[PDB]
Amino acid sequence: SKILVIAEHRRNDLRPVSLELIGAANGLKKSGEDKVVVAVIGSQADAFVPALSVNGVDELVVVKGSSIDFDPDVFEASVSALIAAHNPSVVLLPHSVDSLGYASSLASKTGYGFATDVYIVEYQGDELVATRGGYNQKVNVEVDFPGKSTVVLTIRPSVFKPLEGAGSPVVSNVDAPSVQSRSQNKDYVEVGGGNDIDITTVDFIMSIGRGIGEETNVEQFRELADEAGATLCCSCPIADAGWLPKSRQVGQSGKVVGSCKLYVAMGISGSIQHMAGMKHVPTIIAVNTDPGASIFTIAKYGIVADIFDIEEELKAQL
(Lines of atoms letter the chains of each structure in order from A and count residues from 1; the text may use other names and numbers.)
(Lines give C-alpha, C1' and ligand atoms only; values in the text may rest on other atoms or scores of the structure.)
Protein backbone atom coordinates (compact mmCIF):
# COMPACT_ATOMS: atom_id res chain seq x y z
CA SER A 1 0.00 0.00 0.00
CA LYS A 2 0.98 3.63 -0.41
CA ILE A 3 0.69 6.48 2.06
CA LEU A 4 0.67 9.90 0.33
CA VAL A 5 2.00 12.89 2.22
CA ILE A 6 1.40 16.50 0.99
CA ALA A 7 4.34 18.63 2.04
CA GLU A 8 4.08 22.36 2.74
CA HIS A 9 6.27 25.32 1.89
CA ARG A 10 5.89 29.09 1.91
CA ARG A 11 8.18 31.97 1.01
CA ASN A 12 10.95 29.66 -0.24
CA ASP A 13 11.12 27.64 2.97
CA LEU A 14 9.80 24.17 3.75
CA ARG A 15 7.42 24.16 6.73
CA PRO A 16 8.72 21.58 9.24
CA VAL A 17 5.31 20.01 9.70
CA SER A 18 6.16 18.32 6.32
CA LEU A 19 8.67 16.10 8.16
CA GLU A 20 6.23 15.34 11.02
CA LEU A 21 3.86 13.96 8.36
CA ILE A 22 6.56 11.71 6.95
CA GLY A 23 7.19 10.41 10.49
CA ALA A 24 3.46 9.77 10.88
CA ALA A 25 3.30 8.00 7.54
CA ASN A 26 6.22 5.71 8.32
CA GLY A 27 4.73 4.87 11.76
CA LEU A 28 1.38 4.18 10.32
CA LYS A 29 2.23 1.72 7.61
CA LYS A 30 1.58 -2.01 8.00
CA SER A 31 4.54 -3.70 6.39
CA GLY A 32 8.05 -2.89 5.24
CA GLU A 33 6.78 -3.30 1.64
CA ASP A 34 4.38 -0.32 1.91
CA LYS A 35 5.76 2.92 0.46
CA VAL A 36 5.61 6.62 1.51
CA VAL A 37 5.08 9.03 -1.38
CA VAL A 38 5.67 12.74 -0.65
CA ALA A 39 4.45 15.44 -2.99
CA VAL A 40 5.50 19.08 -2.99
CA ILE A 41 3.42 21.47 -5.18
CA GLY A 42 4.56 24.77 -6.60
CA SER A 43 5.79 26.44 -9.72
CA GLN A 44 9.29 26.59 -8.16
CA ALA A 45 9.09 23.49 -6.04
CA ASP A 46 12.12 21.63 -7.42
CA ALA A 47 14.00 23.74 -4.86
CA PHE A 48 12.63 21.54 -2.09
CA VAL A 49 13.94 18.17 -3.28
CA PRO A 50 17.01 18.30 -1.05
CA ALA A 51 15.02 19.12 2.08
CA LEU A 52 12.50 16.37 1.27
CA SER A 53 15.09 13.71 0.26
CA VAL A 54 15.00 12.43 3.83
CA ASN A 55 14.59 9.17 5.82
CA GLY A 56 11.20 7.52 5.25
CA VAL A 57 10.51 8.89 1.79
CA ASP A 58 10.28 6.26 -0.96
CA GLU A 59 8.95 8.49 -3.76
CA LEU A 60 9.11 12.27 -4.07
CA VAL A 61 6.83 13.94 -6.62
CA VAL A 62 7.39 17.55 -7.65
CA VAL A 63 4.13 19.04 -8.95
CA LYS A 64 4.45 22.19 -11.04
CA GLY A 65 1.25 24.14 -11.09
CA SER A 66 0.48 27.73 -11.97
CA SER A 67 1.21 29.41 -8.55
CA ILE A 68 4.43 29.76 -6.50
CA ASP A 69 2.82 29.13 -3.13
CA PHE A 70 -0.45 27.62 -1.97
CA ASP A 71 -3.53 28.03 -4.14
CA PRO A 72 -6.64 26.04 -3.18
CA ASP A 73 -7.80 25.31 -6.77
CA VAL A 74 -4.31 24.17 -7.81
CA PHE A 75 -3.81 22.10 -4.68
CA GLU A 76 -7.13 20.37 -4.87
CA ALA A 77 -6.67 19.43 -8.55
CA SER A 78 -3.04 18.40 -7.98
CA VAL A 79 -3.77 16.25 -4.91
CA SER A 80 -6.76 14.66 -6.68
CA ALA A 81 -4.43 13.72 -9.52
CA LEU A 82 -1.80 12.33 -7.09
CA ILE A 83 -4.42 10.17 -5.44
CA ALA A 84 -5.44 8.87 -8.92
CA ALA A 85 -1.81 8.09 -9.82
CA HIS A 86 -0.72 6.46 -6.56
CA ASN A 87 -3.97 4.99 -5.22
CA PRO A 88 -2.85 5.64 -1.66
CA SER A 89 -4.73 4.03 1.21
CA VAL A 90 -4.10 7.05 3.40
CA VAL A 91 -3.40 10.68 2.44
CA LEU A 92 -1.83 12.89 5.12
CA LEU A 93 -2.12 16.71 5.00
CA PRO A 94 -1.05 19.06 7.77
CA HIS A 95 -3.90 20.68 9.67
CA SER A 96 -2.53 24.06 8.50
CA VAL A 97 -4.07 27.29 7.21
CA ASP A 98 -3.25 26.20 3.66
CA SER A 99 -4.88 22.83 4.09
CA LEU A 100 -8.05 24.48 5.50
CA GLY A 101 -8.42 26.09 2.06
CA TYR A 102 -9.04 22.80 0.25
CA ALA A 103 -8.91 19.62 2.28
CA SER A 104 -12.72 19.39 2.86
CA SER A 105 -13.41 20.31 -0.76
CA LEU A 106 -11.21 17.52 -1.99
CA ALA A 107 -13.16 15.13 0.30
CA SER A 108 -16.66 16.40 -0.67
CA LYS A 109 -16.35 15.43 -4.34
CA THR A 110 -15.24 11.85 -3.88
CA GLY A 111 -16.01 8.77 -1.75
CA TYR A 112 -12.95 9.25 0.51
CA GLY A 113 -12.72 8.83 4.24
CA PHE A 114 -12.04 12.17 5.94
CA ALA A 115 -11.18 13.48 9.37
CA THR A 116 -9.35 16.57 10.54
CA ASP A 117 -6.96 17.74 13.21
CA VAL A 118 -6.05 14.14 14.06
CA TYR A 119 -3.60 13.46 16.90
CA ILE A 120 -3.65 9.66 17.20
CA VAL A 121 -3.60 7.36 14.20
CA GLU A 122 -3.07 3.63 13.95
CA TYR A 123 -4.03 0.39 12.25
CA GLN A 124 -5.92 -2.16 14.20
CA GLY A 125 -5.55 -5.15 11.84
CA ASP A 126 -6.42 -3.62 8.48
CA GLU A 127 -8.67 -1.02 10.04
CA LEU A 128 -7.50 2.60 10.13
CA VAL A 129 -8.48 4.26 13.44
CA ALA A 130 -8.04 7.95 13.97
CA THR A 131 -8.59 10.08 17.08
CA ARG A 132 -9.46 13.76 17.19
CA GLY A 133 -10.97 16.08 19.80
CA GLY A 134 -14.60 16.80 20.76
CA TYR A 135 -16.32 19.60 22.67
CA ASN A 136 -13.43 22.10 22.79
CA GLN A 137 -10.87 19.30 23.61
CA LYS A 138 -12.84 17.90 26.52
CA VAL A 139 -13.18 14.49 24.92
CA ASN A 140 -11.41 12.19 22.48
CA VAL A 141 -13.47 11.10 19.47
CA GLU A 142 -12.25 7.85 17.91
CA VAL A 143 -13.35 7.28 14.31
CA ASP A 144 -12.94 4.73 11.54
CA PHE A 145 -13.66 4.75 7.82
CA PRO A 146 -15.77 1.76 6.91
CA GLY A 147 -15.29 0.62 3.30
CA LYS A 148 -13.03 3.55 2.35
CA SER A 149 -10.14 2.60 0.10
CA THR A 150 -8.72 6.12 0.43
CA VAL A 151 -8.77 8.07 3.66
CA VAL A 152 -7.71 11.71 3.79
CA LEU A 153 -6.60 13.00 7.19
CA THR A 154 -5.38 16.41 8.24
CA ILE A 155 -2.84 15.93 11.02
CA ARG A 156 -2.37 18.13 14.09
CA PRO A 157 1.07 19.86 13.95
CA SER A 158 3.69 19.20 16.63
CA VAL A 159 2.31 15.73 17.63
CA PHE A 160 4.14 13.31 15.32
CA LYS A 161 7.91 12.99 15.53
CA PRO A 162 10.03 13.48 12.43
CA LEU A 163 12.59 10.86 11.42
CA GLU A 164 16.30 11.52 11.55
CA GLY A 165 18.66 11.32 8.61
CA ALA A 166 18.87 11.49 4.84
CA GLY A 167 17.04 9.31 2.35
CA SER A 168 17.15 8.47 -1.31
CA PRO A 169 13.64 8.75 -2.82
CA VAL A 170 12.80 8.15 -6.44
CA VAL A 171 12.23 11.76 -7.59
CA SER A 172 9.71 12.57 -10.30
CA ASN A 173 8.18 15.62 -11.94
CA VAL A 174 4.56 16.07 -13.00
CA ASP A 175 2.59 19.03 -14.24
CA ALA A 176 -0.49 19.91 -12.33
CA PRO A 177 -3.77 19.60 -14.15
CA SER A 178 -4.47 22.46 -16.43
CA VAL A 179 -7.28 24.41 -14.89
CA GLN A 180 -7.33 28.18 -14.24
CA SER A 181 -7.51 29.19 -10.57
CA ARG A 182 -10.42 31.34 -9.42
CA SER A 183 -8.09 33.42 -7.26
CA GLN A 184 -4.62 34.99 -7.54
CA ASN A 185 -2.07 35.38 -4.73
CA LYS A 186 -0.82 38.89 -4.11
CA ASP A 187 1.51 40.32 -1.46
CA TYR A 188 2.49 38.68 1.77
CA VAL A 189 2.00 41.23 4.57
CA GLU A 190 3.39 41.81 8.01
CA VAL A 191 0.92 44.36 9.41
CA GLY A 192 1.66 47.49 11.47
CA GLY A 193 1.82 47.38 15.18
CA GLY A 194 4.69 47.99 17.48
CA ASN A 195 7.61 45.68 17.60
CA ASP A 196 9.89 46.75 20.40
CA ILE A 197 10.46 43.23 21.67
CA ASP A 198 11.02 39.90 19.84
CA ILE A 199 9.05 37.51 22.08
CA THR A 200 10.73 34.49 20.42
CA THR A 201 13.89 35.62 22.34
CA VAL A 202 12.59 36.18 25.87
CA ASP A 203 12.86 33.73 28.77
CA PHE A 204 10.19 34.94 31.24
CA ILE A 205 6.60 35.66 30.13
CA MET A 206 3.42 36.72 31.90
CA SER A 207 0.60 36.29 29.39
CA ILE A 208 -2.94 37.59 29.66
CA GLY A 209 -6.11 36.35 28.04
CA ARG A 210 -9.81 37.16 27.81
CA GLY A 211 -10.19 36.69 31.53
CA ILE A 212 -8.76 40.16 32.14
CA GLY A 213 -12.12 41.66 31.00
CA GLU A 214 -11.96 45.28 30.00
CA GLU A 215 -8.94 47.12 28.46
CA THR A 216 -8.61 49.23 31.59
CA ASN A 217 -7.34 46.08 33.27
CA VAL A 218 -4.31 45.62 31.01
CA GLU A 219 -2.24 48.27 32.77
CA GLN A 220 -2.06 46.42 36.10
CA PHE A 221 -0.67 43.31 34.35
CA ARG A 222 1.83 45.45 32.45
CA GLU A 223 2.96 46.82 35.84
CA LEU A 224 3.13 43.29 37.28
CA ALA A 225 5.27 42.08 34.33
CA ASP A 226 7.49 45.08 34.79
CA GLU A 227 7.79 44.51 38.58
CA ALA A 228 8.55 40.81 37.97
CA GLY A 229 11.03 41.26 35.10
CA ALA A 230 8.73 39.36 32.74
CA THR A 231 7.66 40.27 29.19
CA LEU A 232 3.88 40.90 28.76
CA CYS A 233 2.32 38.63 26.10
CA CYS A 234 -1.24 37.68 25.29
CA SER A 235 -3.68 35.37 23.62
CA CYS A 236 -5.47 36.35 20.48
CA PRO A 237 -8.58 38.05 21.98
CA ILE A 238 -6.37 40.67 23.57
CA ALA A 239 -4.47 41.51 20.36
CA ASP A 240 -7.60 41.25 18.21
CA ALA A 241 -9.16 43.93 20.42
CA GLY A 242 -6.05 46.13 19.88
CA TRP A 243 -5.17 46.14 23.62
CA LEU A 244 -1.61 44.91 23.00
CA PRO A 245 0.38 44.68 19.81
CA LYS A 246 0.13 41.60 17.61
CA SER A 247 3.91 41.19 18.18
CA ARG A 248 2.93 40.11 21.75
CA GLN A 249 0.49 37.40 20.68
CA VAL A 250 1.46 33.83 21.54
CA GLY A 251 0.33 30.87 19.43
CA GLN A 252 -0.16 29.47 15.93
CA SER A 253 -1.06 32.73 14.15
CA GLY A 254 1.18 34.69 16.59
CA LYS A 255 4.67 33.68 17.63
CA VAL A 256 6.29 30.61 19.29
CA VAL A 257 8.10 31.59 22.49
CA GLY A 258 11.12 29.45 21.77
CA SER A 259 13.41 30.92 24.43
CA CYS A 260 10.79 30.92 27.21
CA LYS A 261 11.63 28.99 30.43
CA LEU A 262 8.78 30.38 32.58
CA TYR A 263 5.30 31.23 31.19
CA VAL A 264 2.61 32.50 33.54
CA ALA A 265 -0.77 32.10 31.75
CA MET A 266 -3.38 34.34 33.36
CA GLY A 267 -7.00 34.17 32.20
CA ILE A 268 -6.09 31.99 29.20
CA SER A 269 -8.15 28.80 28.64
CA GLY A 270 -5.39 26.97 26.67
CA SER A 271 -6.90 26.61 23.20
CA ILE A 272 -4.91 24.32 20.89
CA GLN A 273 -3.73 27.30 18.85
CA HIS A 274 -2.47 29.10 21.97
CA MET A 275 -0.74 25.94 23.17
CA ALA A 276 1.04 25.66 19.81
CA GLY A 277 2.97 28.75 20.84
CA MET A 278 3.91 27.80 24.40
CA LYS A 279 3.35 24.11 25.23
CA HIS A 280 7.13 23.42 25.18
CA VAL A 281 7.89 25.84 28.03
CA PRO A 282 9.54 23.85 30.78
CA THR A 283 7.66 25.62 33.59
CA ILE A 284 4.08 26.82 32.89
CA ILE A 285 1.93 28.29 35.71
CA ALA A 286 -1.75 28.64 34.99
CA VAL A 287 -3.95 31.02 36.91
CA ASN A 288 -7.51 30.50 35.90
CA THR A 289 -10.84 30.21 37.80
CA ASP A 290 -12.03 27.33 35.55
CA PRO A 291 -10.54 24.05 36.76
CA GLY A 292 -11.75 22.46 33.49
CA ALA A 293 -9.67 24.84 31.38
CA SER A 294 -7.42 23.03 28.93
CA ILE A 295 -4.38 25.04 30.13
CA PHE A 296 -4.23 22.90 33.34
CA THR A 297 -3.54 19.80 31.18
CA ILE A 298 -0.09 21.18 30.25
CA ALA A 299 0.72 23.41 33.21
CA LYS A 300 3.25 22.40 35.77
CA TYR A 301 1.52 24.47 38.46
CA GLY A 302 -2.13 25.47 38.58
CA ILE A 303 -3.84 28.05 40.68
CA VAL A 304 -7.64 28.07 40.49
CA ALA A 305 -8.08 31.68 41.64
CA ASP A 306 -9.13 35.09 40.50
CA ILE A 307 -6.38 36.70 38.39
CA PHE A 308 -6.94 40.22 39.80
CA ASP A 309 -6.71 38.96 43.40
CA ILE A 310 -3.52 37.03 42.52
CA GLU A 311 -2.01 39.94 40.56
CA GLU A 312 -2.53 42.43 43.40
CA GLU A 313 -1.07 40.03 45.98
CA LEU A 314 1.85 39.19 43.71
CA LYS A 315 2.55 42.96 43.26
CA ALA A 316 2.40 43.47 47.02
CA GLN A 317 4.66 40.54 47.79
CA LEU A 318 7.09 41.63 45.04
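Residue indices: 1-based, along the sequence shown.
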Query raised in the report: Looking at the entry, does 112-120 or 154-162 show the higher mean C-alpha B-factor?
Result: 154-162
Requested in this report: Would you determine, from the values in the PDB entry, which of 22-30 and 267-275 has the greater average C-alpha temperature factor?
Outcome: 22-30
**Report entry** Residue, from 130, 208, 179, 100, that the PDB entry assigns the highest Cα B-factor
**Finding:** 179
Report summary line: From 44, 249, 259, 289, the top C-alpha temperature factor is at 259
Query raised in the report: Compared with the other modelled residues in the chain, in which third is the CA B-factor of residue 94?
Result: lowest
Requested in this report: Divide the modelled residues of the chain into thirds by Cα B-factor and specify which third, lowest, middle or highest, holds residue 72.
Outcome: lowest
Report task. Classify residue 79 as lowest, middle or highest third according to the C-alpha B-factor given in the PDB entry, relative to its own chain. Result -> lowest
Query raised in the report: Against its chain's modelled residues, does residue 4's Cα B factor rank lowest, middle or highest third?
Result: lowest
Report summary line: Quick tally, chain-level thirds of C-alpha B-factors: residue 142 sits in the lowest
